[PDB]
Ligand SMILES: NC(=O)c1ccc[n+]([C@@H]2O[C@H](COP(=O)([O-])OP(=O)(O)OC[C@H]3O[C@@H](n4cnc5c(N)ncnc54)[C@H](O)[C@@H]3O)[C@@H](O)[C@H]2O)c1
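Next up: a single chain in structure tokens, the form solved without the named molecule.
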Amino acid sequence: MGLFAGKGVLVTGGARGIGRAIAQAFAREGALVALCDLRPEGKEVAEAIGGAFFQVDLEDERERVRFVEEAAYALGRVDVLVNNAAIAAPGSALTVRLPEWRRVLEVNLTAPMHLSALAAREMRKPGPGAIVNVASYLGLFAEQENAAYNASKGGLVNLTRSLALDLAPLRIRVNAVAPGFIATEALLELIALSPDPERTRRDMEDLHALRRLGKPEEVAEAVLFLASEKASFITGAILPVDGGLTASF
């Protein structure tokens, strides 16, 4: 019935973008998908693929304990966690507000650590488990006026390595993908509202060796590969999905 047939898969930020594409990809391969999101529209994504939805605020450590226990119950097992949900807070260190900074770290860095520990305790039961963290090229490099995101993704990259060492004894592999510019609704809104939308999109495309935006589907393929038993000797790895963006200037 497919590559993830009867496997329990948790996916954060599953309502839109890469998260939705990942939930869809796992369902297509016969996974029992539990997805969470702040946005209530997440309900319709889970309905559409035959999986479970949970309205969660990942900023809240109690809401995170809740999400994993209820998802494990709903699916009957946990085999894969995908930490995909992230927020940003615009500004340099000069301009960013401390409470905004602290919120971005909680969601982007603390929540993935917490959830990996919770999900790991469930993965012990059956055969092997796997965690995939969705970072960004903006974990390996910086852009202007985005300190909180750069810092949190840097942390997420080294947390991926830490979790790989610590959870190998429990037969759990942990890897990350680092996407380039992906044509999600949010990036299309940003381009659309720029002064010269076509010039903006051309400038973004030109940064990639492949001279085009990524598709959420293309990120999900990498995630499926890294969560799969085909990747049985891959742990601690940070895999760019950026059409050549980080190979040049």
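We number the residues from 1 along the sequence you see.
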query	finding
Entry-level comparison of average CA B-factors, 154 to 162 and 116 to 124, reporting the higher stretch	116 to 124
Of 212 to 220 and 46 to 54, the one with larger mean CA B-factor	46 to 54
Residue with maximal Cα B-factor (values as given in the PDB entry) among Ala176, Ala168, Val78, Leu105	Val78
Selection from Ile172, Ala111, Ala85, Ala93 [criterion: highest C-alpha temperature factor in the record]	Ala93
Third of the chain, ranked by Cα B-factor, where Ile234 sits	lowest
Chain-relative CA temperature factor third for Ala142	highest
Chain thirds of CA B-factor: placement of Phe26	middle
Entry-reported Cα temperature factor of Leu10, expressed as the chain third it lands in	middle
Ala74 - which third its CA temperature factor falls in, relative to the rest of the chain	highest
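Keep in mind that the form solved in complex with the named molecule is missing from the display, and what follows is about it.
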item: Listed residue that, although the named molecule is not shown, lies within 4.5 Å of it in the bound PDB entry (heavy atoms), from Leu224, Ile182, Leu207, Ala52; value: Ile182
item: Contact residue in the bound PDB entry, from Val68, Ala34, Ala31, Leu58 (heavy atom within 4.5 Å of the named molecule); value: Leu58
item: Contact of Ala130 with the named molecule in the bound PDB entry (heavy atom, 4.5 Å); value: no
item: 4.5 angstroms heavy atom contact with the named molecule in the bound PDB entry for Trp101; value: no
item: Proximity of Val134 to the named molecule in the bound PDB entry, heavy atoms at 4.5 Å; value: yes
item: Proximity of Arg39 to the named molecule in the bound PDB entry, heavy atoms at 4.5 Å; value: yes
item: Interface segment, criterion being heavy atoms within 4.5 Å of the named molecule in the bound PDB entry, picked from 92 to 100, 149 to 157, 120 to 128, 71 to 79; value: 149 to 157
item: Residues in 80 to 104 with any heavy atom within 4.5 Å of the named molecule in the bound PDB entry; value: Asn84, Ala85, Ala86, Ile87
